[PDB]
Amino acid sequence: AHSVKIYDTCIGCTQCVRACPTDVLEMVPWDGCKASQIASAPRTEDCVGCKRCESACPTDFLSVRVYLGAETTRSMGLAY
Amino acid sequence: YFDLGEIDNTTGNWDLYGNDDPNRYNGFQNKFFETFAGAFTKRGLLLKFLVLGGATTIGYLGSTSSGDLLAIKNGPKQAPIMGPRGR
Amino acid sequence: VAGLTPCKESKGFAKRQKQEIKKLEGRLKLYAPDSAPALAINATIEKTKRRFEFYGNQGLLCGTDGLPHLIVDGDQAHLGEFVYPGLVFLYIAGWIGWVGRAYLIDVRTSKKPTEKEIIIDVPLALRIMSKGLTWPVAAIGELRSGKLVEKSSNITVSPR
Amino acid sequence: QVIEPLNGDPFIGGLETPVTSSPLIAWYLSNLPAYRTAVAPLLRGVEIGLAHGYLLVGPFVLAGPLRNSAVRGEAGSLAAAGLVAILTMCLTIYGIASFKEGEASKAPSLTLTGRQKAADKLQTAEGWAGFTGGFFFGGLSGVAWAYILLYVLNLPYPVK
Amino acid sequence: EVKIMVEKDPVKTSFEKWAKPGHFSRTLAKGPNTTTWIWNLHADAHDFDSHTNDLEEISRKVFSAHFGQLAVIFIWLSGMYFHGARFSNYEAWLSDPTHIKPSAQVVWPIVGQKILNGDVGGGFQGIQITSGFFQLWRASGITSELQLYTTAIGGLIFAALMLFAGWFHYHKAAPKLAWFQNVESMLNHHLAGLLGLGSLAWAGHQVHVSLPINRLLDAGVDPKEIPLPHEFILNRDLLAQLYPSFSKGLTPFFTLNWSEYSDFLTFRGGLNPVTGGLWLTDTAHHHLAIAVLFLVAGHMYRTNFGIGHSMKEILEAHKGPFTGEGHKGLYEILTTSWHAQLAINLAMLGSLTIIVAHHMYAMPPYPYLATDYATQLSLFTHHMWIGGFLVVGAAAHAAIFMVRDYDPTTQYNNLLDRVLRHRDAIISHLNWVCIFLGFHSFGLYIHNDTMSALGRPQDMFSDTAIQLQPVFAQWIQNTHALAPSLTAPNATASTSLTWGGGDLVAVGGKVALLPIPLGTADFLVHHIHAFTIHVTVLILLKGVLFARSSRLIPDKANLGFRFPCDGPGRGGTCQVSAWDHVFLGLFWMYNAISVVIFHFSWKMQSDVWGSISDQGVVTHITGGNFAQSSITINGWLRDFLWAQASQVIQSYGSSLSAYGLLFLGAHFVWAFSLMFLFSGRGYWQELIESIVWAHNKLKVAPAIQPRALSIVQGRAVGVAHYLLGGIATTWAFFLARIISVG
Amino acid sequence: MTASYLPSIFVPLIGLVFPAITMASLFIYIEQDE
Amino acid sequence: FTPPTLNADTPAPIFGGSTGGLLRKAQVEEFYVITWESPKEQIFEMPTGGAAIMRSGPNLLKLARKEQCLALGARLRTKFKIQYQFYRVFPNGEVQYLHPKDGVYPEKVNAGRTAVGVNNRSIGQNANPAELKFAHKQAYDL
Ligand code: CLA
Ligand code: CLA
Ligand code: CLA
Ligand SMILES: CC1=C(/C=C/C(C)=C\C=C\C(C)=C\C=C\C=C(C)/C=C/C=C(C)/C=C/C2=C(C)CCCC2(C)C)C(C)(C)CCC1
Ligand SMILES: CC1=C(C/C=C(\C)CCC[C@H](C)CCC[C@H](C)CCCC(C)C)C(=O)c2ccccc2C1=O
Ligand code: SF4
């Protein structure tokens with residue numbers, strides 16, 4: 001549904017994963033930062049699109065980026 | 001309350017107000033309604049004659065109406081009101 | 001000029017002076033002549049008569065409504081309507097703009113530059129509010145020396 | 001002690017309140033023509049039509065525009081029968097959209113208890129087909145019988 | 001266990017904490033970095049729960065803030081008595097009030113504003129006041145302006161005492177947490193000591209001061225020759241000539257011969273025909289009764305003397321089979337959360353202020369209150385707006401209790417837990433009754449507008465068309481008029497004149513009150529009122545119930561109260577917060593209270609307020625057009641919003657021209673609100689970025705970065721200008737129209 | 001007016017029948033699963 | 001990492017019933033089951049609205065959305081020291097285990113998971129939309 005993209009400006013601060021309320025983001029190993037980890041979005045079909053990860057990203061400009069695309073019953077947040 | 005043997009009973013698929021009574025009428029009342037409402041069954045057929053029959057029945061009494069039945073077919077019954085500037 | 005009679009010879013402007021005192025004279029009829037609210041209306045009438053004798057003596061132009069109209073084109077007769085108090089204004093408004101600009105330069109080279117804007121340093125402020133008196137000689141002086149404007153390589157620019 | 005969860009399950013969005021699972025209310029709601037799961041859906045659709053057909057003559061003969069004439073029986077009954085024919089087409093296009101020809105039944109097969117019942121045939125393409133014709137014949141006869149008992153026989157009532 | 005717990009010198013009285021602005025919050029103590037720091041400085045200024053987690057220091061902050069509020073109200077009362085003493089015509093109005101308008105504000109003759117000092121009468125120029133202070137001082141027995149000056153300087157003394165107590169109960173001896181948690185003692189000393197002894201003391205004033213002075217004012221005696229209030233206490237024969245029951249001298253009180261006090265303690269009812277205001281023998285019997293009843297009710301709870309009630313024992317014994325473990329933990333709610341008590345107290349104070357508004361137009365308590373129509377309209381309108389604001393704030397602090405003080409571990413299977421457990425049912429059935437009320441009131445208005453537009457007056461809901469007579473109200477008004485004969489014997493007359501007992505009271509040639517009719521128009525507008533109150537309840541109760549979580553956002557309590565949104569996800573989560581429900585309920589309070597005061601103004605300008613000529617003929621201000629024009633929106637726009645606005649727009653060049661200026665400036669503030677309400681932060685942030693670029697070009701960049709207002713702040717600014725502009729529009733239109741035709 | 005009865009025909013069809021034709025055919029069309 | 005199997009014999013927390021629970025999306029589309037092991041009998045805030053007494057052993061809770069499982073799960077990870085996992089249950093009977101996928105929570109890094117949805121460039125090196133007209137690819141997915 002929603003497309004969440006991680007860019008190489010990430011410092012591995014992990015707070016995009018901690019702010020995620022639908023378990024989209026996970027921290028995979030990486031070689032481009034001091035923390036040696038970058039975020040990724042394997043369960044991007046579960047993304048509501050709330051951009052809590054973009055609110056918690058301290059990198060200017062943002063490393064996690066959520067693009068609101070086709071919206072399904074996962075990304076609409078319904079219970080009915 | 002999760003079972004893995006009955007998936008409908010653990011998810012809310014309940015007939016909350018349903019009944020399993022097979023019949024409560026008699027054969028004389030049942031044969032009258034299916035005979036009369038037998039040409040009204042098919043959705044594609046019923047949508048055809050309701051649109052075509054509904055367009056005719058509003059154009060009939062729209063046109064055969066009288067002055068007392070509807071005021072738009074009565075017309076004016078007094079002198080017209082002249083506007084300002086002689087118009 | 002522009003089809004407007006002068007207000008000293010305008011019959012409509014003298015009509016508005018007549019019907020303004022008459023409104024205030026009828027307000028005076030229900031008070032005692034030595035009472036305190038009657039002294040306020042008597043001071044209002046003398047304020048009105050001072051106003052109408054000031055508007056006619058400045059060469060104001062009155063239309064068909066009996067009202068003084070301002071000519072802002074830059075006429076040699078009409079300098080005090082727009083040009084003279086505009087140059088008085090822009091001197092005062094440039095004084096506000098020069099002492100607020102010079103305060104920000106004086107607090108940008110400080111230890112905590114953001115605490116000097118919520119808490120304005122009055123000895124730093126009052127020593128340049130006096131310096132805003134001669135500001136056209138200091139604004140064009142900074143314009144000619146290049147200190148008024150900042151080069152675009154050191155200015156935060158949003159991307160295309 | 002009085003309020004229970006819905007069939008003992010607290011995580012289904014409902015409660016077993018007295019307005020829901022009374023001895024009198026759950027007897028009532030289980031005999032209403034919409035919740036008979038084994039009756040053929042044309043027969044129980046005639047009762048859903050007779051009811052709604054009858055009741056709708058009332059607000060159309062006592063409140064409509066032609067309520068102050070001698071044609072108030074004829075104007076309001078055909079207005080009541082007009083709402084039957086519109087809602088029949090609303091019932092027609094609902095069954096076309098919701099149910100496809102040859103599909104299963106979108107109905108809960110399980111009852112309040114754990115016993116397995118047959119699927120409700122009303123939520124099908126052919127079950128809602130016979131339900132729509134049951135509402136059309138029942139609704140047009142429910143309007144006409146309420147018109148007969150009010151403006152043909154003219155039974156005495158306080159308001160008519 | 002109830003006793004005084006204080007401790008000495010918690011914080012030192014120093015100005016070093018005045019210099020640092022954001023000392024209360026950890027985020028604002030670092031100093032400013034953006035311009036949003038200034039707005040969070042004011043937003044978190046009074047929010048004492050966000051400062052510290054210790055409820056003791058929070059309660060001390062709230063107690064000294066109460067004392068500062070009391071100081072501000074005493075400064076305000078000092079000003080209004082000093083304005084009566086020096087800048088008013090209160091002695092001139094008190095000589096004859098049927099011809100001289102109440103005025104207590106003189107403006108300075110500077111810029112043409114001296115025309116606002118209008119001819120109010122009595123040889124005086126000033127702003128005609130509508131606050132009702134003149135009738136209040138006439139009911140208090142105030143005869144001279146020296147008494148007003150003495151009350152002003154006494155109020156200044158009490159304002160200094162409240163400032164000293166606010167300093168004392170935060171810096172010298174501040175109470176501890178268990179002192180504030182003695183709610184039984186606080187209720188015992190508020191019911192008996194505050195509302196009981198206050199009613200008893202005002203009853204003593206209304207026996208000795210208000211009653212004989214106001215009896216002499218009904219006799220046409222000049223107030224300069226009326227004896228002073230202490231002369232009735234000293235010379236009791238002077239008090240006995242007006243009431244012979246004073247000749248017995250306190251012996252019927254202790255011998256239970258209270259009927260011998262029937263000369264000055266009566267259950268008359270109705271209005272004084274001399275003045276148009278309630279009797280003070282009834283207002284003194286009223287205060288003596290609510291004092292002998294609030295002092296009884298103040299001996300109910302258990303402090304430390306054995307007798308009484310623990311209210312936890314009252315609550316925990318109140319449990320039912322439809323609830324189970326209900327009312328348990330609510331004592332722990334209402335003694336550990338300031339916001340829950342604030343919600344209950346604000347709901348009662350707002351609803352009580354609405355009670356005050358109705359029980360003052362209908363039973364006017366002050367002499368010449370009813371016949372001064374400006375005072376009646378302004379007092380009703382002011383108390384409706386205060387009451388609506390306080391009930392919206394009640395729902396606000398209810399929601400703040402949910403998001404910041406509701407502990408789910410202490411609340412299992414009680415009333416609050418079960419109300420949260422079926423909040424979908426509450427909000428959905430409230431939604432149904434709101435939509436049903438909206439059609440069955442406003443669509444009835446639309447139907448009347450349509451058939452009046454289509455030339456069908458018989459197809460409407462009129463008193464001549466299809467009638468919708470309020471038979472319950474028309475029966476309860478007959479039940480309240482035909483009461484004295486059988487259900488309430490000992491009454492001389494009836495409770496109010498608006499019930500149907502006759503008594504066309506004419507004071508100064510102007511109608512005080514008469515029987516208020518209730519017809520189809522009143523039915524329609526009362527269903528509008530019920531609809532608007534229900535919808536305001538719907539947004540506000542939805543914000544209270546969905547403050548913790550929702551089906552949309554299950555972690556909404558972690559986001560807080562003043563958060564804007566979660567984001568553009570789940571379709572968009574804009575205004576999910578409980579604050580945003582308070583924000584929308586403020587608009588629905590505008591709608592509700594504005595239609596309430598519009599129905600009030602038109603209903604009594606059409607059916608109550610007017611004049612009485614010879615041979616008993618009553619000519620109202622807008623004669624009889626409420627029954628036929630207030631059933632359509634075109635009548636409301638035409639015979640109310642256009643016909644009665646023909647004195648707010650042509651008031652220019654007169655004393656009421658400031659009402660025209662504030663009418664237009666109130667339209668300005670309203671259209672200014674629509675800038676903040678309809679727009680959003682990011683547009684203004686990029687526009688400010690362009691302005692910051694222009695500042696960078698000329699080296700006038702501030703170090704405090706210019707930022708757009710926050711989304712919560714932009715909505716707050718928009719609703720503040722919407723309420724301020726619309727309320728000031730109605731204030732200007734009301735206070736120009738009813739002053740002009742009054 | 002030449003023919004007064006075509007007001008009595010076309011205003012009921014284009015005002016009542018044609019929205020009932022168009023909205024019912026669209027609601028079938030917008031809820032086709034295809 | 002072997003995913004845990006849903007036992008379907010552990011019981012529910014003591015809850016009086018809520019109206020915020022499973023609607024018809026549970027019956028036809030999906031519903032979410034969260035399973036966790038408890039130290040003792042506690043009281044927790046229900047993410048559908050309300051409070052329930054959680055059991056002294058393993059607990060099973062049926063939820064409608066994936067966000068309700070994290071809102072509950074982060075509540076009993078910070079207030080309580082309880083490890084949790086949840087599932088996705090479909091009406092045909094298939095239980096899809098969802099979190100944590102490797103057995104360790106996604107805040108902590110694991111060597112088994114791979115980078116997906118990761119761009120080696122930044123935002124400023126994304127291509128303009130004018131040079132990607134009429135293509136399935138967009139400015140960020142390449
Ligand atoms: C019989 C004693 C008594 C009485 C008269 C009151 C009266 C009052 N209380 Mg108090 N209170 C008492 C004892 C009493 N209290 C007890 C025992 C407790 C402890 C459990 C509390 C704790 C409490 C708190 C925590 C607060 C109050 C507040 C209030 C005020 C109500 C708000 C208001 O605007 O009212 C109308 C206000 C007035 C009429 C002003 C009157 C002020 C004068 C100086 C009297 C007050 C002094 C003292 C209480 C009684 C002295 C009597 C004196 C006249 C002889 C009012 C001053 C509230 C307030 O505003 O805080 C300041 C507040 O929330 N009370
Ligand atoms: C008994 C009265 C009472 C109590 C104790 C409080 C107490 C509180 N309120 Mg409030 N509340 C109440 C009633 C009250 N309120 C009412 C009347 C409303 C409806 C408007 C609400 C709605 C409510 C909400 C919506 C929220 C609170 C919150 C706050 C908290 C701090 C706000 C702050 O720092 O002030 C800030 C003060 C200002 C910004 C001053 C602005 C004043 C108004 C808005 C504009 C000016 C009006 C003025 C008359 C017009 C003059 C114009 C002229 C100058 C040109 C605090 C707990 C906030 C909070 O976080 O609570 C924890 C918040 O989010 N309140
Ligand atoms: C251009 C649009 C259109 C037209 C032609 C009409 C026409 C009519 N309206 Mg209606 N209306 C419409 C739009 C329309 N409406 C909309 C948009 C609104 C919503 C705001 C309303 C709201 C409204 C209400 C609330 C009511 C009317 C009523 C009326 C009737 C007034 C004349 C009379 O006295 O008959 C008196 C009545 C009769 C002669 C009864 C005739 C009923 C016939 C026989 C129905 C027959 C079946 C029908 C044709 C099936 C339709 C199929 C489908 C294809 C359209 C008339 C039938 C009144 C009425 O009586 O409704 C029937 C009434 O109560 N209107
Ligand atoms: C000074 C100045 C200026 C001016 C200004 C202007 C421009 C104006 C605007 C304004 C407007 C254009 C409007 C406004 C309006 C106002 C208002 C509106 C206000 C209000 C206030 C208040 C305070 C209120 C009160 C109230 C209340 C609160 C409630 C009830 C009612 C009332 C009213 C009483 C300028 C800038 C030039 C320059 C600088 C300075
Ligand atoms: C206009 C507007 C702004 C911009 C508002 C701003 C920047 C507030 C301006 C406040 C004053 C005018 C600036 C600060 C003034 C200083 C005290 C300096 C004094 C200068 C003169 C006022 C004397 C928003 O941020 C916004 C956010 C969300 C929705 C709508 C809107 C919105 O409509
Ligand atoms: S929050 Fe931003 S910087 Fe931190 S790990 Fe996530 S993407 Fe990287």
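Residue numbering restarts at 1 for every chain, and letters A, B, ... go by the order of the sequence lines. For ligands, and for the atoms within them, numbers begin at 1 and follow the listed sequence.
- Taking the six-membered ring where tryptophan is involved, the planes of E/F380 and E/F600 are essentially parallel, since the angle between them stays under 30° and well short of 60°.
- Looking at every heavy atom in both residues, E/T36 comes nearest to E/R707 through CG2-CB, 3.9 Å.
- Distance from atom 26 (C) of ligand 4 to its nearest protein heavy atom, with residue and atom name: E/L724 CD1, 4.4 Å.
- Under the 3.5 Å distance criterion, the side-chain polar atoms of E/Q685 are matched with a main-chain donor or acceptor of E/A708.
- Counting the atoms of ligand 5 from 1 in the order shown, those under 4.0 Å from a heavy atom of E/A708 are 25 (O).
- Nearest protein heavy-atom contact of atom 34 (O) of ligand 3 is D/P65 CG, 3.3 Å.
- Proximity to E/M675 (heavy-atom distance under 4.0 Å) selects the following atoms of ligand 5: 1 (C), 33 (O).
- Note that atom 15 (C) of ligand 5 has no protein non-hydrogen atoms nearby, at separations under 4.0 angstrom.
- Put simply, atom 9 (N) of ligand 3 has no protein non-hydrogen atoms near it, under 4.0 Å away.
- Inter-residue side-chain proximity for E/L677 and E/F583 is flagged as met; some heavy-atom pair is nearer than 4.5 Å.
- The side chain of E/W684, and not its backbone, has at least one atom closer than 4.0 Å to an atom of ligand 5 (non-hydrogen atoms only; side chain from C-beta on).
- There is no protein heavy atom closer than 4.0 angstrom to atom 17 (C) of ligand 3.
- Between E/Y722 and E/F587, the angle of the ring planes goes over 60°, which puts this pair in the perpendicular group of the 30/60° scheme.
- Aromatic ring centres of C/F89 and C/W95: separated by at least 6.0 Å.
- At the shortest separation from atom 38 (C) of ligand 3 among protein heavy atoms lies D/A75 O, 4.0 Å.
- Nearest protein heavy-atom contact of atom 14 (C) of ligand 4 is E/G665 O, 3.9 Å.
- The B/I58 neighbourhood of ligand 3 comprises atoms 49 (C), with distances under 4.0 Å to a heavy atom of that residue.
- Within the 4.0 angstrom cut-off, atom 8 (C) of ligand 4 has no protein heavy-atom neighbours.
- Looking at C/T114, its side chain does come within 3.5 Å of a backbone N or O of E/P32 through a donor-acceptor pair.
- Atom CD1 of F/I14 sits in a crowded spot, with more than 12 heavy atoms from other residues, nucleotides or ligands closer than 6.0 Å.
- Each of the following atoms of ligand 3 lies closer than 4.0 Å to a heavy atom of B/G54: 49 (C).
- Nearest protein heavy-atom contact of atom 1 (C) of ligand 3 is F/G15 CA, 3.5 Å.
- Annotation for ligand 3: atoms under 4.0 Å from non-hydrogen atoms of D/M89 are 52 (C), 53 (C).
- Which parts of ligand 5 touch E/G680 is read off a 4.0 Å heavy-atom cut-off, strictly below it: atoms 28 (C), 29 (C).
- Less than 4.0 angstrom separates atom 18 (C) of ligand 5 from none of the non-hydrogen atoms of the protein.
- Regarding atom 51 (C) of ligand 3, its nearest protein heavy-atom neighbour is D/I86 CG1, 4.1 Å.
- Looking at every heavy atom in both residues, C/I119 comes nearest to C/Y103 through O-OH, 4.2 Å.
- In this structure, atom 29 (C) of ligand 5 has a protein heavy-atom contact shorter than 4.0 Å.
- Counting only heavy atoms, the protein never gets under 4.0 Å from atom 30 (C) of ligand 3.
- The option with the heavy atom closest to atom 34 (C) of ligand 4, from among E/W731, E/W385, E/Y659, E/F734, is E/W731.
- Inside a 4.0 Å radius of atom 5 (C) of ligand 3 there is at least one protein heavy atom.
- In terms of protein heavy-atom proximity, atom 11 (C) of ligand 4 is nearest to E/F668 CD2, 3.6 Å.
- Each of the following atoms of ligand 3 lies closer than 4.0 Å to a heavy atom of D/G82: 45 (C), 46 (C), 47 (C).
- Using a non-hydrogen distance threshold of 4.0 Å, B/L70 registers as a contact of ligand 3.
- Checking atom 8 (C) of ligand 5 against the protein gives a heavy-atom contact under 4.0 Å.
- Atom 62 (C) of ligand 3 has as its closest protein heavy atom D/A79 CB, 3.8 Å.
- Distances between N or O atoms of E/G714 and those of ligand 5 include no value under 3.5 Å.
- When only interatomic distances are considered, the shortest N/O to N/O separation between E/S710 and ligand 5 does not fall below 3.5 Å.
- At distances below 3.5 Å, at least one donor-acceptor pair connects side-chain atoms of B/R43 with backbone N or O atoms of D/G95.
- Distance remark: protein heavy atom not present below 4.0 angstrom from atom 21 (C) of ligand 5.
- The protein heavy atom nearest to atom 17 (C) of ligand 4 is E/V669 CG2, 4.2 Å.
- Of the candidates D/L66, B/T57, D/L78, D/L78 brings a heavy atom nearest to atom 42 (C) of ligand 3.
- Those atoms of ligand 5 with a heavy atom of E/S679 less than 4.0 angstrom away are 29 (C), 30 (C).
- For E/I688, every heavy-atom contact with ligand 5 shorter than 4.0 Å involves the side chain, none the backbone.
- Heavy-atom distances between E/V717 and ligand 5 stay at or above 4.0 Å for every pair.
- The aromatic ring centres of E/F563 and E/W579 sit 6.0 Å or more apart.
- Remark: F/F18 CZ is loosely packed, at most 12 non-hydrogen atoms of other residues, nucleotides or ligands lying under 6.0 Å away.
- Proximity of atom 32 (C) of ligand 5 to the protein is indicated by at least one non-hydrogen atom lying closer than 4.0 angstrom.
- Between D/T132 and D/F136, the closest side-chain pair of non-hydrogen atoms is not below 4.5 Å.
- Ligand 3 is never approached by B/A55 to a heavy-atom distance shorter than 4.0 Å.
- The nearest protein atom to atom 30 (C) of ligand 4, hydrogens excluded, is given as E/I727 CG2, 3.7 Å; this is a heavy-atom distance.
- The contact set between ligand 3 and F/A20, taken as ligand atoms under 4.0 Å from a residue heavy atom, comprises 53 (C), 54 (C), 55 (C).
- Of the inter-residue distances, the one linking E/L468 atom CG with E/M460 atom CE reads 11.5 Å to the nearest 0.5 angstrom.
- Residue, atom and distance of the protein heavy atom nearest to atom 55 (C) of ligand 3 are F/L16 O, 3.4 Å.
- Counting only heavy atoms, the protein gets under 4.0 Å from atom 36 (C) of ligand 3.
- Applying the 4.0 Å criterion to heavy atoms of E/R681 picks out, from ligand 5, the atoms 27 (C), 28 (C).
- If you look at B/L61 next to ligand 3, the close heavy atoms, those under 4.0 Å, all belong to the side chain.
- Aromatic ring pairs are classed by plane angle as parallel below 30°, tilted from 30° to 60° and perpendicular above 60°; the pair E/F672 and E/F668 is parallel.
- In this structure the side chain of E/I597 reaches within 4.5 angstrom of the side chain of E/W385, judged on heavy atoms.
- The closest side-chain heavy-atom distance from E/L709 to E/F676 is below 4.5 Å.
- When only modelled atom types and interatomic distance are considered, B/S66 and B/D68 share a side-chain donor-acceptor pair under 3.5 Å.
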